[PDB]
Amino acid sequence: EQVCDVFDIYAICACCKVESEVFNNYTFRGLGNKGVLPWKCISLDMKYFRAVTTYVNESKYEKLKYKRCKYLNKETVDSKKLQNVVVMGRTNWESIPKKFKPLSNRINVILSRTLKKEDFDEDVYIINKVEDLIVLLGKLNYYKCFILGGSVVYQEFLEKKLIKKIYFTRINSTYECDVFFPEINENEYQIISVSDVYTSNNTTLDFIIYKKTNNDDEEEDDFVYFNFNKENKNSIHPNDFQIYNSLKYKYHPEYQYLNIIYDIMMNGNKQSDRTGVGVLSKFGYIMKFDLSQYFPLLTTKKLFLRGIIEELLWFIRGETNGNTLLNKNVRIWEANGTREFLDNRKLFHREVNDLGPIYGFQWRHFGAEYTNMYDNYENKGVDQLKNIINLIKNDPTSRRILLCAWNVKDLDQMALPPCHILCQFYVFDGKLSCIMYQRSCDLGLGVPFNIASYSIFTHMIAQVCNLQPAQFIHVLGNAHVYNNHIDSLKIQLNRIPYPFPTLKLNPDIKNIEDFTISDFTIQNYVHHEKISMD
């Protein structure tokens, strides 16, 4: 029987990153700068705040007032339009512009030793000490009580264990800050929910929920009848996914990746393969990432992008020469170019690192006769890359905007047939979406890079066609987890994503061929520590 649970006392805050790297929850702790917010205006966190702190459910008040009376050993509490209490520090209250006060449809309280009621109303309550809030809540009709802080207010409320939940906005950008939110003891509080990732006012943010740790139903039976035929399949335990299965709302788009790992681990088919390692496999998944709101670089481990950007630039040049990448210490294709690998593909007459008519060649020269990686292929075969950029510019409603790497004629001449079969483009209202069909998906190692590659490419094609990127849609055919990744992915699934980074391109690049490694910036990448998947 606890005071926070009786009077439904919650903290709501927005924390940015702080100018001074290992990341943790404490990375997000910036509250204020010189008695104001560290940031200009984040209009989406403003709207979330207003909606959370003003929302009330009438039909739920009976149970709340009952509990409050029952616990105070009273039979009654004492307009009749139910509202929330909002508590502020003095410095916080005096931060707020005058006409923005008092906060609308909320009972405004102000912790202060040096204000006094008789220069405000009794609409706008005041209290000298913390215990004077519990007293005032005891005498009030209110839905819930929200601590809107000040670093001081939050500090004393958390250490006195008077907070049931923290509504915590992660502002994923760095500002000058002089006051910080206190370090949330992850023994005292734990995250039970994570929102979608959003862009507002040139930053990404998400909304998480910390919870104090515990140290017609005619149609409800019809649901049970429809499940009468429903079915550990693979030797995977519950305790394994404790944090993953503890979350209620898992709306962060990184869960589209994590949920597929979970599904293959729980329900996947045990299969041998080419590699001789064994996999769990399933067939047919879709993920969708909103490139207008974030860059979906996985945050539950560290990912590097230089190599995958160089690979894409090498595709766009129409190159097949593995040495070009090796000379820049990009080793993605090294194992596919060895004497031994090519001899096993029966490419006995192929030079080492001559990968044959792979992506680059099919994108710029589909149907040209491959000779060797040094030949001049200029104006030979179909320049599909040019054709799709022309169709996007000149016939945006075409349903034929496809870039295909799967050249059936040339497959046996490639060091290996492409995993990334095709990209299809869709244009609507100045916006570009991309579907990539992937025949073979290594969920542990390859798929995180593959999402980054095709997200970057969707931004590159958008910018050179004067469009804004919309959705990257990733279609997985044979989707597999290598048995040697299972322990590593167990670790990864029990990590809570961070708000995603943003991709910035040099805005001066207007032709697909003009991009260089320096034209790409990842911003505000906050990530858990690197995992070796093997």
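Here, rigid core means the biggest group of C-alpha atoms that superpose within 1.5 Å across both forms. Residue numbers here begin at 1 and follow the sequence given.
- Structural divergence in 8 other deposited structures of this protein between 221 to 229 and 120 to 128: following superposition by the core, 120 to 128 has C-alpha atoms lying farther from the shown form.
- For the pair 233 to 241 and 253 to 261, rigid core superposition yields a higher RMS C-alpha distance in 8 other deposited structures of this protein in 233 to 241.
- Judged by the one-third criterion across other entries of this protein, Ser20, though modelled here, is missing from at least a third of those that model both its neighbours.
- Across the other compared structures of the same protein with both neighbouring residues present, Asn214 lacks coordinates in at least a third.
- According to the entry, the deposited sequence has no residues without coordinates between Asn379 and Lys380, so the chain runs continuously there.
- Per the record, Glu231 and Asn232 are separated by a gap of 4 to 9 residues from the deposited sequence that were not modelled.
- Look at the C-alpha B-factors of 265 to 273 and of 183 to 191. On average they run higher in 183 to 191.
- The mean Cα B-factor in the deposited entry runs higher for 55 to 63 than for the other of 480 to 488 and 55 to 63.
- Across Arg317, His459, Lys80, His252, the entry's maximum B-factor at the CA atom is seen for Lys80.
- Which of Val330, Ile421, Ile126, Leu445 has the largest Cα B-factor in the deposited entry comes down to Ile126.
- In the deposited entry, the Cα temperature factor of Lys117 places it in the highest third of its chain's modelled residues.
- In this PDB entry, the Cα temperature factor of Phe157 sits in the top third of its chain's modelled residues, the highest group.
- When the modelled residues of the chain are ordered by their C-alpha B factor, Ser95 lands in the highest third.
- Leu493: CA B factor lies in the middle third for its chain, per the PDB record.
- Sort the chain's modelled residues by C-alpha temperature factor and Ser151 lands in the highest third, per the entry.
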